[PDB]
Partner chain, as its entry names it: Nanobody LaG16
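One chain is shown next in structure tokens, namely the form solved without the partner chain.
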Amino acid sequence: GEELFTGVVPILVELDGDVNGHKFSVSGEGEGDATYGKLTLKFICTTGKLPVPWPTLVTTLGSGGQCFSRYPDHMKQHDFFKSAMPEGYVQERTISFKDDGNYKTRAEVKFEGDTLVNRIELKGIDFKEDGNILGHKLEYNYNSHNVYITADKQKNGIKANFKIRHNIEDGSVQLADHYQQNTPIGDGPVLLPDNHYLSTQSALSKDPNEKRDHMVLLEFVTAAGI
């Protein structure tokens, strides 16, 4: 439940991807603090260079940030993510880049000891050869986003819909529409929320001592709407 997130929880993230035939793997480690709604993670591409830009992977790789959200006192009954723990939940997403391809995922966020683990299977198709993604025209940055959550009582889980604004180097913005569905792994009672949002902010940086392809993610997630 929410009892497992009172202190600093260590995180381990693993991702196997396949974008337009290009195969890659990403490892990540870090820690989250639900009291501050903070998440700090370091990702490394274990297969060499990443064939997609790092900003396009933030919501998938940093999906654990949704579990570390600071929910206000009058809202702690709308926290699905924490209530699904230790057994966790299965997450499936469809990220649609406007005028380009899409990413289809299958993720699992659960507890393995004192460590929260996020394992993802990603498949990307229909990307343009010299488009914003495969052409690496995205700036190494990120903007704020609100994750609009609604309950799916039929499947005992939740649904989420949101838009990500990716800044391009020429001045344009690349829209990435997100569709999300979560369902618990366990049979025990989970918290089914009313309509609300997760106010999320993401800051990206580099580690000047890491020679490998990496990304440092600092995320701040707070709940609101009710």
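Residue numbers count along the first chain shown, from 1.
Would you mind comparing 71-79 and 150-158 for me and telling me which has the higher average C-alpha temperature factor in the entry? Higher mean C-alpha B-factor: 150-158.
Taking only the CA atoms, which stretch has the higher mean B-factor in the record, 135-143 or 121-129? Between 135-143 and 121-129, it is 121-129.
For the listed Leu116, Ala107, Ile95, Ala84, which has the peak Cα B-factor recorded in the PDB entry? Largest recorded C-alpha B-factor: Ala107.
Peak C-alpha temperature factor (PDB record), options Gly62, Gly30, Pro55, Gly188: The C-alpha B-factor peaks, among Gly62, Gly30, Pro55, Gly188, at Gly188.
When the deposited Cα B-factors of this chain's modelled residues are ordered and cut into thirds, is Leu50 in the lowest, the middle or the highest one? Answer is highest: the recorded C-alpha B-factor places it there.
Compare the C-alpha B factor of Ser205 with those of the other modelled residues in its chain, then answer lowest, middle or highest third. According to the entry, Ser205 has a C-alpha B-factor in the chain's lowest third.
Considering only modelled residues of the same chain, in which third does the CA B-factor of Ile226 rank: lowest, middle or highest? As the PDB entry reports it, the C-alpha B-factor of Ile226 lands in the highest third of its chain.
By its CA B factor, does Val173 count among the lowest, middle or highest third of the modelled residues in the chain? For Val173, the deposited C-alpha B-factor lands in the highest third.
Same protein, other form: the form deposited with the partner chain bound, not shown, and the subject of what follows.
Consider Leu12 of the chain shown here, and say whether it contacts the partner chain in the deposited bound form, taking contact as heavy atoms within 4.5 Å. Yes, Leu12 is a contact residue.
Contact with the partner chain in the deposited bound form for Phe111, defined as at least one heavy atom pair within 4.5 Å: yes or no? It does: once the partner chain is placed as it appears in the deposited bound form, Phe111 has a heavy atom within 4.5 Å of it.
Going by the partner chain in the deposited bound form, which residues of 114-139 come within 4.5 Å of it through any heavy atom? The stretch 114-139, when checked against the partner chain in the deposited bound form, contributes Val117, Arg119, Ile120, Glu121 at the 4.5 Å heavy-atom cut-off.
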